[PDB]
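Single chain ahead, written as structure tokens, the form solved without the partner chain.
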């Protein structure tokens, strides 16, 4: 009994594309067979759907169908890539390279590996959020077994130079994994052009169903990986357990739709992103954009509104579903790119998706300008600066 707020949080999750649901429902109603039942049609048709979906994912990323392994999500996928490569080459190589802005599942997998006696190097990013290739080159060691860098950041939408990293890891004979959860279906990906050895894919980030993902494990020059989920040997023994047919069908449908609609979606999402940022800045000073605007996915916009607290502004926007880069600690990505401590609490993340309308954008810009102005009239920092006081005024204490 109340109007719902606008959804502007696409990086956290996306709605089902009605085409995807229409693809799934038959397997939620009549085709409920187990894809591993080899002795009857209920199984044959289900398996058929599954392999078809596998082909769809493969076509979206330029891989062979045999290289796609179905998982529960990009989290499991990242665990499989990192822990799989790490555990497999343990007897001979115990060093990994990743970055400080990677998703928490990558970082925490690396954490547990450190607990098991592995050596991890977390590459720092530049102020722009992009890594320094020279540092990656200098970091690789003889016993380096894996290099993991994410394609698109989920907090500031920065695009890492995936191809160049592929070159380096190839010429240095080191496995390359990438967490493409925020890039699949939004920007082009060719595993061969980018010389990628493992890739993580999340279904519910591309308007597919929740609880299903995929991991690409290159087979061309075979990449070896130790499986984590023990069982009956499903998914080439890389992921035992019953393959959830409706979910994988959904994933395939989402990847096919994305393959078709990518250019269109990117054109109009680019337009909307420009509209939002341009309009907000032409009306509010001291709003900085986190992330190099040259290498950036326009769907994810992180803005720091000077002198206004994140939670307060989010609460003033009770009509727009937003986020502020998350627990009870500050954003580690914003600290990694060296954002001033004071501004770490003054950033929010607008997500412009496939279904976002121009009305939604202009509305969010309205409430944003209005409430940033109001909260600035209430802010003691805005008063101190506008009154000539320098933020280096050690009158701080607790």
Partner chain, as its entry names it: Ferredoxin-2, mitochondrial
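Numbering follows the first chain given and starts at 1.
Another form exists, deposited with the partner chain bound; not displayed. Remarks below refer to it.
The listed set 294, 220, 127, 134 contains one residue whose heavy atoms approach the partner chain in the entry with it bound to within 4.5 Å, identified as 220.
Between the partner chain and the residues 172, 266, 275, 90, the one pair within 4.5 Å by heavy atoms in the entry with it bound involves 90.
The stretch that touches the partner chain in the entry with it bound, counting heavy atoms within 4.5 Å, is 91-99, out of 282-290, 188-196, 158-166, 91-99.
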